[PDB]
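Laid out below as structure tokens are two forms of one and the same protein chain, each shown alone and named structure 1 and structure 2.
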Structure 1
């Protein structure tokens, strides 16, 4: 029977890593990495996190089944970290998921459960996993203009025009901050306008928030999300803890469902818990317990925020440098967007041909769409990348 299985395409990350590994070039560089890497090229375990695991090891007396939709401490701490004082517990449903991806999958299952004729609107471009899951679910997908290949910024007028075609009950997927893969983001004023279009169309916003604390700051990065929450009656937020906590493999995230009434909330929580139940019963405990420990323990929380800010500040300075080196070599602004972008990713606007030429002539590797990971740059690699970008004629 299993022989009738259709061949499924690999993870691709492997192919990139295999091509790169095969490269005999002593000076090859890898900007395709999708995780944070420090100056030495490592993805360290944050101090606060290692401190939480030591504490957990000393306090946990059992490992019996716990909360089906997560532990109260985690749900509460997450909603506060995301919505801040605006957290309206009375109308908020929460679900511990298996990473932000689990949160996205559940959110989609929830919405479709409420509206079978659900349509999803995704940005152009967006994280490929978005489309993958949606295709796998057989949901209709529409695209809305977003990245401007010429300016490397947001084509807002285009986005508005396309979003204007959403109907009541449709879903609009928005990256809360640090757009992956582009790095081009919305201003708080652009968020206000998007909010108006959403109220007008009656479309349901789904926010993919996986990089809170990597853009302009913990609070600053949630500004757009908070604006949507306060003006839109129903909002779905899929949050991740893999990156801003550095616990990728622990698989920790959560689905937040903001509802109009308390009755509607009771409904949503019941459907979410039911969803977890029908997929894998209980969500993973370890990673979520680390997070709630860091956030509830003053000492740890303070250390986490400090370490996270150090990371953010570092990448931002890497942006300033690359843009400066590019300013000098080009003798023009052109590449100024590099310093204007936020997140650990940036789309250079290079064509596939140029990307291939950069790799062959300079040994630098990046995703085929010209996406580079800022964290992979340093005092030694920046001059090389700059020269390569200019040399290939981007």
Structure 2
């Protein structure tokens, strides 16, 4: 029977990971000056604290722990958190929350269509294809200016009927790195409430753009305006606990009645999939967020990560400028997040991986955290050498 199985398409971003003088600018993971993904101080402290306090590992909360649920809602929504109308579900990472979000939405409406950005995180369309959900794409990346094509984005979103779901990256847009301004978000909220489309926010990099609170500004704006909204959050990157698999889905409802419905359908979704969600990561997050001392060191470390990356983008931008006599590459200092689209065509892209030895996603997506004073110049010369 199993011999009837057909080969499935692999994840290209992870493919590189398997392949990899070598300069890894692929997989979205923050790397320090020495090409290492460290365990954040607070997280390590939380783990030690946990080792001493836990007395049992019996089954716990089907929808996650109350503490985790509370800490997360406040992290994301701040004072906009109206628990009375919000349902929370702890999931297996942010990816798990996306699937759980699509399942919930489909339960609510069989004839659901999902709009995604052009381009977008490949795993989005994958999950959607797998589910057999109709996917449409709104314009987003302004190819020439390397920025956002907002006029085109608005045009497309306006065509979305109600019951349709629109997927927005809350901040640090993967892969482009190009993002919407708060003003643009208000504009988008206007279209959304006028079309009745349900927004699904993918919040995977809160803290890597402009700051914890500022990276959630757009999400908080949609939440303050649109009566119903779904937010899929990931703690893999901002807490640096990628392998623990921890995140959650937040369902914002118009009232408590619908809230009790969503909460019941969210938990049932976990039960029919894998029972309880993993505890260790959610516990690390809960402990960090509710312990003043630990949240303080965590915020500080993330801020350092954030600032350093911005500092690097600035370098690459400067290197290229003084290494070409032009400013076509100014977009690097303008982008926010971990990634940026170099714009490089597939031919050059491939060449650099072979002879030069640098690994970047086939669409020229570069994880800037993989660069430094040592590799930046070589990279600049590399793109010149590989031309366009």
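C-alpha atoms forming the largest set that superposes within 1.5 Å between two forms make up the rigid core. Positions refer to the first chain, counted from 1.
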- Task: Using a rigid core alignment, state whether the CA of residue 11 is displaced by 2 Å or more between the two structures.
- Result: yes
- Message: Please determine whether the C-alpha atom of residue 363 is displaced by 2 Å or more between the two structures following superposition on the rigid core.
- Response: yes
- In Å, how far apart are the CA positions of residue 388 between the two structures with the rigid core superposed? 2.2
- Message: After superposing on the rigid core, how much does the Cα of residue 232 shift between the two structures, in Å?
- Response: 0.2
- Query: In Å, how large is the C-alpha displacement of residue 334 between the two structures after the rigid core is aligned?
  - Reply: 1.6
